[PDB]
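Below is one structure, written out as structure tokens; the observations come after it.
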Ligand SMILES: *[B]([O])([O])[C]([C][C]([C])[C])[N]C(=O)[C]([C]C1=[C][C]=[C][C]=[C]1)[N]C(=O)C1=[C]N=[C][C]=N1
Ligand SMILES: *[B]([O])([O])[C]([C][C]([C])[C])[N]C(=O)[C]([C]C1=[C][C]=[C][C]=[C]1)[N]C(=O)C1=[C]N=[C][C]=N1
Ligand SMILES: *[B]([O])([O])[C]([C][C]([C])[C])[N]C(=O)[C]([C]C1=[C][C]=[C][C]=[C]1)[N]C(=O)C1=[C]N=[C][C]=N1
Ligand SMILES: *[B]([O])([O])[C]([C][C]([C])[C])[N]C(=O)[C]([C]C1=[C][C]=[C][C]=[C]1)[N]C(=O)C1=[C]N=[C][C]=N1
Ligand SMILES: [Cl-]
Ligand SMILES: [Cl-]
Ligand SMILES: [Mg+2]
Ligand SMILES: [Mg+2]
Ligand SMILES: [Mg+2]
Ligand SMILES: [Mg+2]
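Protein chains in written order, with the authors' numbering: chain W, 1 to 204; chain V, 1 to 226; chain b, 1 to 196; chain N, 1 to 196; chain K, 1 to 212; chain M, 1 to 233; chain X, 1 to 195; chain J, 1 to 195; chain L, 1 to 222.
The following block contains the structure:
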């Protein structure tokens, strides 16, 4: 009944030293029934990464929508959209559906190509921006993720250390949620290289 | 949320806490609730966070165009009128509860706004879940002919009352001072009485602690030449 | 809310408390419920603060535009504009308004517009939650062609009782006097009217 | 219903209208709401007619049995018996009762028992739907140690206004005087009290 | 919850999962969903944890009192009926139970009774109970035979719970195995699904859908 | 299950160095009607305890009779009724707390919020809360209803934690309480100007103050406030 | 309607769909084909609310056939599935949404690969090796998890499908009157007439 | 449970009762006997809410068996049916009524006549030549109205019963997993093991 | 309509060591968005080296603890001053809770102590009496924030040994009382940051063979 917890899933993002990390589970379900273990929730438009939790049809719809908008942006602007600008675009787009919203929990992550500054941001389903320095969480195990992130996180982690922290934050949060898990992906993002890692986790 | 507004000798000051909450969870610990409508008209917002943001941007945008059209600096009553009429039209469904303050060629002004579109005038005001804690402080310590230094003190004390006693409020105190014949000074994190203590332990993991299945480079670059 | 308007020899006087409540919390203890739609046509507001403000703002706009074309409007005209808004939008409004004004030709007039949107011209009118408690007092004590000082005392004593018994009413007693001489504002504080 | 009891120099006087309604139909226009639970302890009834009769009948029984064992009960005792019934059966009762009585030791006393079943000893009391309209009037006009004639005029004028404004109240104004001299019944008809 | 029990040549196999949830929140992964009523009787637990726990340890007290009074082991029929008659008294009040009472006696042989908080009492060869019962049924019905070895039967039960643990969101944690023969039940260990899945996938060649 | 009919608003209280202070206004409201203006809601028990009650007045009066009966019962066959075996604040509270929870458990609550303020035999300050649900808690400052939202913030600025209690005098504490009552009169639509205040000191005993009024009120600034925005006259 | 299954093997996609049509108390028909050919190498099975199912299926069919004529070209299964998802995603926020769940089985002639897409009435699309809608998956996914290997032949796929249908016929309360099975491969679409 | 049928022929009463036990989504059992022998020449089939059915049937059985021992005599089918009706008529105004419908088939050894009684959970008794509970009658009564003749034979009765079950298996949505058939005559009660 | 239940917030945490056990809980008591008390003890010494906390609706919590304390008293009277073992206490609490199955104590109960072999023991209950011995358990408002952290940092879940890449798990080495208290403090500091009903103070009761010791720590008061 509650649209935001029919399909299930989670996304988490973190900042490190000259790097950002964004991670998500791979589950898609119909309430109790597990349907797919290859439903990735992180997308990217140029060097800007977007994770989306919530109702899966809206996750797909919004990805297609932001691909649409960022492609037109690039043709007109003659440059790739930056994380700060994209964050404003997500907020605008969501709020225009104020009274008929997309049931989603988006998470932006990326590094500004000009300043080199790491950036993350979260949103509610209608556009409010949460621009945290440390971390952003989203999905059915957001409470769990808040608990993991708030204890495990420390500032200025190196890319390979940040990987371990975000991976353990996701995995242990997902294992305390019935509607999350069934695999996981972690993106480690640096100014001009991005590494994508699939995690081995319990398949129940 | 705790937000306040206090008039003084030569202007007006507004303040706010920095906690945003989804139910009993804190979404953001250092949230920015002081919004700029124009250079010398600022308002603080309580209620639905997207709404206070959106309604401020829209009116702020139209105020800017109006200022350019008329070749005059914007007035607080214009922002007030535009905000109330917008909110009334939406019959309370846009959940924005605002304290609007500022200085303009007419003088210094302080107003409140509720979601259904009703406005109120006052020398001291408070809104949000911690408004009762804040108003208790304001009713105990407010007087006529406050100085700038006294008004900032009173405003931040009123926010603190909200921070400590209201569970819907917390973290830091943001202030904005708008004095006549001066630039508005926005004091982000004016007080920081809630820094977290050092943790007992470091939870940095040994590298190779997490099990990995696959690795791959992601192509973020465009299609290449040659 | 405790509001009233009373005609007398030299014109009309509007009176009101200053309390605005959200349940049992007093959101504003120094509210001004006496509002100006024209130079010598004012109104008392009760019910929703948003609705009565929105209405009063629109009326002021209509009467400003009326004045620019046809000169000063009558109090009856002002009441009619209020009625048109309150009647035609009765499903969506919660507004109980008393309209009071001073012409030179018609002198002091009072029109009350309750929830339905009906209009009633009266020598004096009372409204708001606190008015219930002073129907007896006001009926017994009202006379026509009172003096300014007598009418001020009548409103002061009346609203004092309304405040005393109604939790939704309180604070200061504001008044606005409308005569040929001009527009005078009066204020009366708790220490004064409570000992009456 | 408009009911009241007022203490004065020589004792206490109870007053009431005579209207009983089933919605907007007046089921009885000559009702006697002033009822006797003891020689010089009476009560005014408001709310459910069935409930207040059942209660008053039980109280009269208790005070009759009290008298047979311990002699004449005090007015306070009578009020306590009313309270015990109204409080302990608050979930199932709709009764607003004013108890008034005359002792030689305590003279005239008035106790009001609202819906909850709480007791409040007062110099005078008002109750019933019509009482709302005369809080202002009664507060302004009540004095302690009035004469019999003054108290009759106070009740007559008060209930007149309550009747004038309340649809649930009307008919004749009944009164019962309780003094050392004895028990006197008074009645006042519409033609008399409407012109006040 | 996924719990199963089935009769075969070597007696009875009982297999259960370990997960307990409050909404989407995983409350526990280490729940004992099998109770040792005595050395010969087992009860499975599904539905309300408290209801199942309380009334099945109560059942063990009634079974002990029977064999004290009658100088003889209680039958599976009699034991299951004590529980079903009890819950029937509480019918409508809101008890939430789905249980298998499993045992072996001389007069009956291996016996399984499905007992239910609506008052249903059914004797049978195969039962699966819980939110993930349908998933377990698939594996069982296609691989079940009377002539299974204790070793093969134990694996089938383990595998059927694993199948449900994977698909059913309200099942998982670990697998507890029991084997019931004439001489009493015999515990066959706790098996973590997080390790069992990757083991079975590799060795069996199953779950080719999942990447490992 | 019922609904409250005639009701009393906030009861406020705090500890200080040598004892406790408690206060409550003298109003009995009937919905929005300010019906009864002479209702005492502080009820002393002996010379060492004061019970402050908010909520339903009929239930308050019932509780008042229970406490009166409690004193009578304690005196029975008790030569030390006015000495070592006198009623303590802790005894009186625990009794009420037992009753409140029992009544909620029969789904027929006494619709009240109660604060028991007093001083124990050994001079220790006692201050504890109980309500219609049987919920209990203690704190250097306690308040019911609106007092919880408006009084506590002001009273916690004087005594923020346990260690602030010995540093707080009776003059400073009373001042804080009286100010809180004024604030509640500004802002609570079901309050009255008239109130009662009680001080229980370990040295000077029980001081019960009746017919107090809220004074030194600020209203003058109202004259400058005109309209709701754009209006100038 | 009730049970619709899908499974993709080495070189084909197999769709099984029940034959029963029940309107309340009676089984009105026991030979109903719950599928439409969208293009020569793309088949869509469907199940949901009465009327809406066929109306939607035929509406999609018409649109794909129109595309085929206009461009003289067959759309990829991926392209068709994306079109269908968009129609359902549009539908869910309409005055009266299409209450229809579908499986799209197609053979991509460009990549020489079979493809199976599962899309629910909300517009929730997933590519799978095997899929189902409604209560079918609750029984069949455990068998397919266990028995499925991605390199099966079409004959092995049909045997695994028989094992699914047998389990459904054992444990489901509703009599769905057997299934119509259809195979989608490089040579197009054909129906298995004996199942 | 679901389908229970009854038919009285010349010299016997035949009761047919479904074997399925379905709880929500799964069919837990396909060999359930929804009947109890009350006495050597009296059989009662039953269907209704879970738990209540067996509880009621066994409670009646116990009472009739008690009567049989006390009096060393078998009650007539009419007498047993009246006892059962009274228990259900008492039940319907209880705190929690028995939600059980029954058919009582018996052979009266005194009158040498078969007898079939239909009683619903309200305590509504009727003697019939053929009867049913639930949705069974909606299909089967038309066939029985046509084909039923009162001098039929136990085998003709079984053939007519097969025609009823075939119609149910064709038109009913629920799979009731066939029926257990039992015959009540002068020689007592026996079960037809092949149907 | 009258609602007999309420929510007093708070959070509790029990951890069983090798020869000790801790039961911690914050000291904040609340209703809705108001603070009732910054220091209202929630974890209690019940005698016989058993500590208990019933978190949730405080009135039911106080009632349950009061009745269990009473049960310990009467266990001594009725069985010759025999020490009530932790397992026996747990079963006794199940019956106290299930006794009100159809009008439950709206609380999450946790007890801690030592078993009869001297090893650390924690038991956890739901509102209607289902219970289970556990190594680790958080209860109450911020339980969802704390438990995942404890799965990771107490049971070393999802942690493996460097160089082996997922093949070899991190070995389950035992934790000292000083190590456990560090994890408890960090759990509550983290919970305080992200949960509005957690704060003010942290009170920890430590149980060893020597007896019951207490430790108090300040938490953020916003
Ligand atoms: B304050 O407490 O009123 C605060 C001020 C706001 C401008 C940041 N309000 C909120 O934080 C609201 C509370 C709320 C919760 C639920 C519905 C409506 C309002 N929070 C949010 O709007 C919110 C919640 N989660 C994410 C983003 N925004
Ligand atoms: B008066 O009490 O009717 C008053 C007059 C108004 C014009 C200021 N109205 C209110 O105070 C209303 C509530 C109300 C009380 C009694 C009857 C009807 C309505 N208040 C508001 O509309 C309100 C409250 N809080 C914030 C904004 N507006
Ligand atoms: B009075 O108006 O309260 C009156 C006093 C009663 C003692 C005679 N009560 C009634 O007239 C009531 C209705 C009512 C009116 C107003 C408030 C509460 C109740 N009438 C009856 O109880 C009644 C009506 N018709 C027949 C019998 N009883
Ligand atoms: B199983 O999922 O049915 C399981 C078995 C039980 C014996 C532990 N039940 C639960 O997990 C129930 C919830 C439930 C989920 C799905 C179907 C039916 C019931 N949970 C609890 O009983 C529970 C939850 N939190 C604490 C304690 N017990
Ligand atoms: Cl206003
Ligand atoms: Cl009468
Ligand atoms: Mg699972
Ligand atoms: Mg009348
Ligand atoms: Mg019938
Ligand atoms: Mg706070």
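The C-beta atom is built at its ideal place from N, Cα and C for all residues, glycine as well.
Taking CB atoms only, residue 13(M) has no neighbour in chain L less than 7 Å away. Interface annotation, residue 78(K): not in contact with chain W, CB-CB separation never under 7 Å. Chain-ordered, the chain X residues with CB closer than 8 Å to the CB of residue 139(K) read 142, 143, 146.
Note that the C-beta distance between residue 97(L) and residue 129(L) is below 7 Å. Taking 7 Å as the threshold, the shortest C-beta distance from residue 40(K) to chain L does not fall below it. Under the three-state reduction of DSSP, residue 79(b) is assigned to helix.
For residue 149(M), the distance from the CB to the nearest heavy atom of ligand 2 is not below 6 Å. Within its own chain, the residues whose Cβ lies closer than 8 Å to the Cβ of residue 169(L), once the five positions on either side in sequence are excluded, are 156, 159, 160, 161, listed in chain order.
Per DSSP, residue 70(V) is one residue of the alpha helix (DSSP H) stretching across 49 to 70.
Under the Cβ criterion (8 Å, minimum of three pairs), the segment 66 to 78 of chain V counts as touching the segment 34 to 41 of chain V.
Spanning the alpha carbons of residue 80(J) and residue 14(J) requires a straight line of approximately 18 Å. Annotation for residue 12(X): no alpha helix (DSSP H) segment contains it, though the beta strand (DSSP E) segment containing it runs 12 to 18.
Classified as exposed, residue 185(N) has fewer than 16 neighbouring CB atoms from the shown chains inside 10 Å of its CB. Between residue 83(M) and residue 197(M), the gap from beta carbon to beta carbon reaches 7 Å or more.
By the Cβ-count criterion, residue 75(W) is exposed, with fewer than 16 other Cβ atoms from all chains shown falling within 10 Å of its own Cβ.
Around the CB of residue 187(N), fewer than 16 other CB atoms lie within 10 Å, so the residue is classed as exposed. Contacts with chain N at 7 Å (Cβ-Cβ) include residue 134(b).
For residue 154(M), at least one C-beta of chain V is nearer than 7 Å to its own C-beta. In terms of CA proximity to residue 87(W), 106(W) leads the group 106(W), 5(W), 78(W).
Closest in alpha carbon position to residue 39(X), among 190(X), 75(X), 186(X), is 75(X). Assigned with DSSP and collapsed to three states, residue 152(N) falls in helix.
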